[PDB]
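> Pasting in a structure now, in structure tokens, and then I'll have a few things to ask.
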Amino acid sequence: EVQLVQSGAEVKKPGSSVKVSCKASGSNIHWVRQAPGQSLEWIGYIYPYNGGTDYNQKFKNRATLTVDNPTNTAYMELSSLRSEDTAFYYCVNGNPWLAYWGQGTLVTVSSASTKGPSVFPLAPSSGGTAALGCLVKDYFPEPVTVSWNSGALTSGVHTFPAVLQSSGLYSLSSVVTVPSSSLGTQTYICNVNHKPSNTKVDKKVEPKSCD
Amino acid sequence: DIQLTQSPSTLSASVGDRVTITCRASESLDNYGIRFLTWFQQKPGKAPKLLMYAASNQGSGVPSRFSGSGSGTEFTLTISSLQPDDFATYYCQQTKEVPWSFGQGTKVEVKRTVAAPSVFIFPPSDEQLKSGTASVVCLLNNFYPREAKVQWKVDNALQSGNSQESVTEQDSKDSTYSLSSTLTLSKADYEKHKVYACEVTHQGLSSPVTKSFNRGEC
């Protein structure tokens, strides 16, 4: 069964370039990209048997499509990276149809550099349901994981997709609804992890007082 | 160049419905008796998978309840008995002329009864404020349908350009959405105003719901 294994996620500063590997097991090799939450955009194709390549005009003379035949590996090289190039990138085998897709490779392109998050509580107020959470703020790059009570409490949790702030750092909220009747008998800790900065934090969350 | 547009962008169906998405092209996509159009299915956080090729042919392991018709400039995808596994975003892609372009996508999502949100406002933590920034957070919990507006108001002046939102994927158990919105002020500007308000308009709500707090009475 046909499989295309791409290289891992990349974080690259503007004006720099990136090379994505695509390894085949089991025709044309296309490269497509998708910005998060956006529709897809075709970059180019290459026929491994003659090295014949064609490219989308948008990527004239930034894209380089190659193959190492003896290692069954396609490569996508993109030069002079800019903000607008942050995307998931997929190699695709074309049947001529694009029938087999890789898993994709997130490329992040930002002048920003690694920063751990600040985690601030969202404390409930007062009514029979209680909303509490954690604001995981000003970190770079994605992702952060967020759990509650070490994964004991999973029901009612909404962890939201991060937003990219004007500062160029990310920030997301994770909230959970719980019975009001439990906030005096049961403790709520959000466990926030950011691997790219080796930031692990546990933040207990309780309603606030002085009324 | 060649540009495809899908209709509708969003479609709400229940299991067992018959559903039709339309791909319209700016040029004819036929050449040499070949219809040069492909259909994809994408789920959040996965690569696309090909459903249909040459407009009407099923891809490997694609069940027969998926089919496609069309010629020239207009193409359709039909799902005859919606199965739970079919709520997805679907793309059309043209293969005749090279840019190989895609359409914008059509999200197929689960229909259910209207559900008003639960609204909660969160004032900024003391810890954050000493750093110099206030984030006020507004939560809309477990509502349907997806369409919702959050208006920030500070001393009953509605805010523009200082909030960001994100929404969760449709919940697999209860088929509702949730929304988190963040209002970002400087410590300095936050301290000049008394009333921080989150106003939420939604089809489930006879009239907008406001959640607010008064700074320094918290």
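Chain lettering (A, B, ...) mirrors the order of the structure tokens, residue numbering begins at 1 for each chain separately, and ligand numbering begins at 1 in order of display.
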Specify as a VMD selection string all residues of chain B found within 8 Å of chain A, counting only C-alpha atoms.
chain B and resid 38 46 to 50 53 59 91 95 98 to 105 120 122 to 125 127 to 128 137 164 to 168 178 to 180 217 to 218
> Can you write out the residues you just picked, keeping C-alpha atoms, as a PDB file, in the first residue's frame?

ATOM      1  CA  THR B  38     -11.308  15.813  -8.710  1.00  0.00           C
ATOM      2  CA  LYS B  46      -5.639  15.432   8.473  1.00  0.00           C
ATOM      3  CA  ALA B  47      -4.317  15.445   4.943  1.00  0.00           C
ATOM      4  CA  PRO B  48      -6.964  15.383   2.178  1.00  0.00           C
ATOM      5  CA  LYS B  49      -8.101  11.997   0.794  1.00  0.00           C
ATOM      6  CA  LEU B  50      -9.314  11.715  -2.827  1.00  0.00           C
ATOM      7  CA  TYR B  53     -11.553  11.323 -10.011  1.00  0.00           C
ATOM      8  CA  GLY B  59     -11.296   6.496  -5.538  1.00  0.00           C
ATOM      9  CA  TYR B  91     -12.705  20.369  -2.092  1.00  0.00           C
ATOM     10  CA  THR B  95      -6.651  19.039 -13.474  1.00  0.00           C
ATOM     11  CA  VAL B  98      -1.610  24.099 -14.951  1.00  0.00           C
ATOM     12  CA  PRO B  99      -1.869  25.852 -12.092  1.00  0.00           C
ATOM     13  CA  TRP B 100      -3.831  22.848 -10.743  1.00  0.00           C
ATOM     14  CA  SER B 101      -6.289  24.981  -8.732  1.00  0.00           C
ATOM     15  CA  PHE B 102      -8.733  23.947  -6.010  1.00  0.00           C
ATOM     16  CA  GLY B 103     -12.046  25.470  -4.987  1.00  0.00           C
ATOM     17  CA  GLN B 104     -12.614  27.139  -1.662  1.00  0.00           C
ATOM     18  CA  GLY B 105     -14.185  24.183   0.088  1.00  0.00           C
ATOM     19  CA  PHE B 120     -19.022  33.811  30.919  1.00  0.00           C
ATOM     20  CA  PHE B 122     -13.285  36.608  32.839  1.00  0.00           C
ATOM     21  CA  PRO B 123     -11.461  39.664  34.242  1.00  0.00           C
ATOM     22  CA  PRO B 124      -7.654  39.705  33.975  1.00  0.00           C
ATOM     23  CA  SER B 125      -5.684  37.935  36.670  1.00  0.00           C
ATOM     24  CA  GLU B 127      -0.579  38.338  38.085  1.00  0.00           C
ATOM     25  CA  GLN B 128      -1.025  39.390  34.456  1.00  0.00           C
ATOM     26  CA  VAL B 137     -11.866  36.787  28.089  1.00  0.00           C
ATOM     27  CA  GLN B 164      -9.497  38.104  18.694  1.00  0.00           C
ATOM     28  CA  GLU B 165     -11.766  35.005  18.579  1.00  0.00           C
ATOM     29  CA  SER B 166     -11.306  31.314  17.907  1.00  0.00           C
ATOM     30  CA  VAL B 167     -13.978  28.555  17.701  1.00  0.00           C
ATOM     31  CA  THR B 168     -13.828  24.818  18.470  1.00  0.00           C
ATOM     32  CA  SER B 178     -17.951  26.922  21.530  1.00  0.00           C
ATOM     33  CA  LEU B 179     -16.187  30.286  21.177  1.00  0.00           C
ATOM     34  CA  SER B 180     -13.438  32.079  23.105  1.00  0.00           C
ATOM     35  CA  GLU B 217     -15.512  45.633  42.532  1.00  0.00           C
ATOM     36  CA  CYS B 218     -13.859  42.316  41.706  1.00  0.00           C
TER      37      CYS B 218
END
> Check the DSSP output for the backbone and give back, as a PyMOL selection string, the residues of region 118-206 of chain A in strand (DSSP E or B).
chain A and resi 118-122+129-140+145-148+157-159+163-164+170-179+189-194+199-204
> Quick one: residues within 10 Å of residue 134 (chain B), only C-alpha atoms, excluding same-chain residues fewer than 4 positions away - as an NGL selection string?
:B and (123-130 or 182-191)
> Which neighbours of residue 187 (chain A) fall inside 9 Å, counting only C-alpha atoms, when residues of the same chain fewer than 6 positions from it are skipped, and could you give them as a PyMOL selection string?
chain A and resi 149+204-206
> Save the residues we just selected, N, CA, C and O atoms, as a PDB file, in the first residue's frame?

ATOM      1  N   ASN A 149      -6.316  18.363  35.539  1.00  0.00           N
ATOM      2  CA  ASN A 149      -6.167  17.349  36.584  1.00  0.00           C
ATOM      3  C   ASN A 149      -5.472  16.095  36.050  1.00  0.00           C
ATOM      4  O   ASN A 149      -5.890  14.963  36.316  1.00  0.00           O
ATOM      5  N   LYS A 204      -3.308  25.982  39.424  1.00  0.00           N
ATOM      6  CA  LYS A 204      -4.581  25.717  40.076  1.00  0.00           C
ATOM      7  C   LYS A 204      -5.513  26.894  39.816  1.00  0.00           C
ATOM      8  O   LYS A 204      -5.075  28.040  39.691  1.00  0.00           O
ATOM      9  N   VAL A 205      -6.810  26.616  39.704  1.00  0.00           N
ATOM     10  CA  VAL A 205      -7.769  27.659  39.347  1.00  0.00           C
ATOM     11  C   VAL A 205      -8.950  27.571  40.307  1.00  0.00           C
ATOM     12  O   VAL A 205      -9.574  26.512  40.442  1.00  0.00           O
ATOM     13  N   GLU A 206      -9.182  28.650  41.044  1.00  0.00           N
ATOM     14  CA  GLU A 206     -10.239  28.751  42.036  1.00  0.00           C
ATOM     15  C   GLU A 206     -10.908  30.108  41.884  1.00  0.00           C
ATOM     16  O   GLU A 206     -10.266  31.077  41.454  1.00  0.00           O
TER      17      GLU A 206
END
> Which residues come within 12 Å of residue 85 (chain B), counting only C-alpha atoms, excluding same-chain residues fewer than 5 positions away, as a list in words?
residues 14, 15, 16, 41, 42, 43, 62, 63, 79, 108, 109, 110 and 172 of chain B
> In Å to one decimal, how far is CA of residue 45 (chain B) from CA of residue 154 (chain A)?
20.2 Å
> Considering only C-alpha atoms, return as a ChimeraX atom specification whatever protein or nucleic-acid residues lie within 12 Å of region 204-215 of chain B, sequence-local ones (same chain, fewer than 3 positions apart) excluded.
/A:124-126,211 /B:113-126,134,136-140,142-156,187,189-201,218
> Find the spatial neighbours of region 80-86 of chain A, counting only C-alpha atoms, within a cut-off of 10 Å - ignore same-chain residues fewer than 2 positions away - and output them as a PDB file with N, CA and C atoms, in the first residue's frame.

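part.pdb was written with the following content:
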ATOM      1  N   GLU A  10       8.955  22.479  10.609  1.00  0.00           N
ATOM      2  CA  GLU A  10      10.051  23.428  10.468  1.00  0.00           C
ATOM      3  C   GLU A  10       9.629  24.816  10.948  1.00  0.00           C
ATOM      4  N   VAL A  11      10.557  25.534  11.586  1.00  0.00           N
ATOM      5  CA  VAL A  11      10.346  26.910  12.041  1.00  0.00           C
ATOM      6  C   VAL A  11      11.491  27.747  11.481  1.00  0.00           C
ATOM      7  N   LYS A  12      11.182  28.646  10.544  1.00  0.00           N
ATOM      8  CA  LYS A  12      12.206  29.330   9.759  1.00  0.00           C
ATOM      9  C   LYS A  12      11.978  30.842   9.746  1.00  0.00           C
ATOM     10  N   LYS A  13      13.081  31.621   9.917  1.00  0.00           N
ATOM     11  CA  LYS A  13      13.034  33.080   9.942  1.00  0.00           C
ATOM     12  C   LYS A  13      12.890  33.616   8.514  1.00  0.00           C
ATOM     13  N   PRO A  14      12.229  34.763   8.327  1.00  0.00           N
ATOM     14  CA  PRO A  14      12.040  35.288   6.964  1.00  0.00           C
ATOM     15  C   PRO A  14      13.363  35.490   6.241  1.00  0.00           C
ATOM     16  N   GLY A  15      13.328  35.285   4.916  1.00  0.00           N
ATOM     17  CA  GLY A  15      14.497  35.390   4.066  1.00  0.00           C
ATOM     18  C   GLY A  15      15.330  34.136   3.999  1.00  0.00           C
ATOM     19  N   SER A  16      15.111  33.202   4.921  1.00  0.00           N
ATOM     20  CA  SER A  16      15.684  31.860   4.968  1.00  0.00           C
ATOM     21  C   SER A  16      14.918  30.909   4.042  1.00  0.00           C
ATOM     22  N   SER A  17      15.427  29.687   3.904  1.00  0.00           N
ATOM     23  CA  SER A  17      14.791  28.706   3.037  1.00  0.00           C
ATOM     24  C   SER A  17      14.699  27.350   3.737  1.00  0.00           C
ATOM     25  N   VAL A  18      13.827  26.491   3.194  1.00  0.00           N
ATOM     26  CA  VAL A  18      13.481  25.217   3.809  1.00  0.00           C
ATOM     27  C   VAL A  18      13.392  24.150   2.719  1.00  0.00           C
ATOM     28  N   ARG A  33       0.124  23.123  -0.910  1.00  0.00           N
ATOM     29  CA  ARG A  33       0.167  23.707   0.427  1.00  0.00           C
ATOM     30  C   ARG A  33      -1.206  24.224   0.844  1.00  0.00           C
ATOM     31  N   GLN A  34      -1.398  24.313   2.165  1.00  0.00           N
ATOM     32  CA  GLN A  34      -2.605  24.880   2.754  1.00  0.00           C
ATOM     33  C   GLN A  34      -2.241  25.692   3.983  1.00  0.00           C
ATOM     34  N   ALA A  35      -2.568  26.990   3.968  1.00  0.00           N
ATOM     35  CA  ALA A  35      -2.509  27.814   5.179  1.00  0.00           C
ATOM     36  C   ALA A  35      -3.575  27.353   6.168  1.00  0.00           C
ATOM     37  N   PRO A  36      -3.288  27.370   7.474  1.00  0.00           N
ATOM     38  CA  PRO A  36      -4.295  26.921   8.452  1.00  0.00           C
ATOM     39  C   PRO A  36      -5.665  27.564   8.230  1.00  0.00           C
ATOM     40  N   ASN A  61      10.986  30.725  -9.342  1.00  0.00           N
ATOM     41  CA  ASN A  61      12.327  30.916  -8.847  1.00  0.00           C
ATOM     42  C   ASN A  61      12.364  31.098  -7.344  1.00  0.00           C
ATOM     43  N   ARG A  62      11.358  30.669  -6.572  1.00  0.00           N
ATOM     44  CA  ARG A  62      11.649  30.257  -5.213  1.00  0.00           C
ATOM     45  C   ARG A  62      11.643  28.761  -4.973  1.00  0.00           C
ATOM     46  N   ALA A  63      10.850  28.014  -5.737  1.00  0.00           N
ATOM     47  CA  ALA A  63      10.667  26.575  -5.524  1.00  0.00           C
ATOM     48  C   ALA A  63      11.716  25.760  -6.269  1.00  0.00           C
ATOM     49  N   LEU A  78      12.129  25.701  -0.827  1.00  0.00           N
ATOM     50  CA  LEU A  78      11.475  26.994  -1.007  1.00  0.00           C
ATOM     51  C   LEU A  78      12.351  28.085  -0.409  1.00  0.00           C
ATOM     52  N   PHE A  88       0.835  24.175   6.013  1.00  0.00           N
ATOM     53  CA  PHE A  88       1.108  22.754   5.856  1.00  0.00           C
ATOM     54  C   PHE A  88       1.431  22.454   4.398  1.00  0.00           C
ATOM     55  N   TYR A  89       2.508  21.701   4.170  1.00  0.00           N
ATOM     56  CA  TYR A  89       2.992  21.373   2.833  1.00  0.00           C
ATOM     57  C   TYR A  89       2.921  19.870   2.614  1.00  0.00           C
ATOM     58  N   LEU A 106       4.255  21.005   8.588  1.00  0.00           N
ATOM     59  CA  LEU A 106       4.022  22.396   8.959  1.00  0.00           C
ATOM     60  C   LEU A 106       5.306  23.208   8.806  1.00  0.00           C
ATOM     61  N   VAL A 107       5.278  24.244   7.973  1.00  0.00           N
ATOM     62  CA  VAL A 107       6.364  25.216   7.930  1.00  0.00           C
ATOM     63  C   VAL A 107       5.858  26.526   8.524  1.00  0.00           C
ATOM     64  N   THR A 108       6.546  27.005   9.559  1.00  0.00           N
ATOM     65  CA  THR A 108       6.245  28.255  10.254  1.00  0.00           C
ATOM     66  C   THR A 108       7.320  29.289   9.934  1.00  0.00           C
ATOM     67  N   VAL A 109       6.915  30.447   9.397  1.00  0.00           N
ATOM     68  CA  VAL A 109       7.867  31.465   8.945  1.00  0.00           C
ATOM     69  C   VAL A 109       7.549  32.794   9.637  1.00  0.00           C
ATOM     70  N   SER A 110       8.439  33.215  10.545  1.00  0.00           N
ATOM     71  CA  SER A 110       8.203  34.323  11.465  1.00  0.00           C
ATOM     72  C   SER A 110       9.523  34.942  11.925  1.00  0.00           C
ATOM     73  N   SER A 111       9.557  36.282  12.058  1.00  0.00           N
ATOM     74  CA  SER A 111      10.729  36.952  12.635  1.00  0.00           C
ATOM     75  C   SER A 111      10.865  36.639  14.121  1.00  0.00           C
TER      76      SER A 111
END
> What separation in Å, quoted to one decimal, exists between CA of residue 159 (chain B) and CA of residue 202 (chain B)?
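Rounded to one decimal, the two atoms are 18.7 Å apart.
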> Name the closest residue to residue 2 (chain A) among the candidates A:74, A:136, A:153, A:92; distances are taken between atoms, counting only C-alpha atoms.
A:92
> Which of these, B:141, B:133, B:94, B:22, has the shortest distance to residue 1 (chain B) once you count only C-alpha atoms?
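Of B:141, B:133, B:94, B:22, the one nearest residue 1 (chain B), counting only C-alpha atoms, is B:94.
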> Any idea what the distance is between CA of residue 132 (chain B) and CA of residue 140 (chain A)?
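Rounded to one decimal, the two atoms are 19.7 Å apart.
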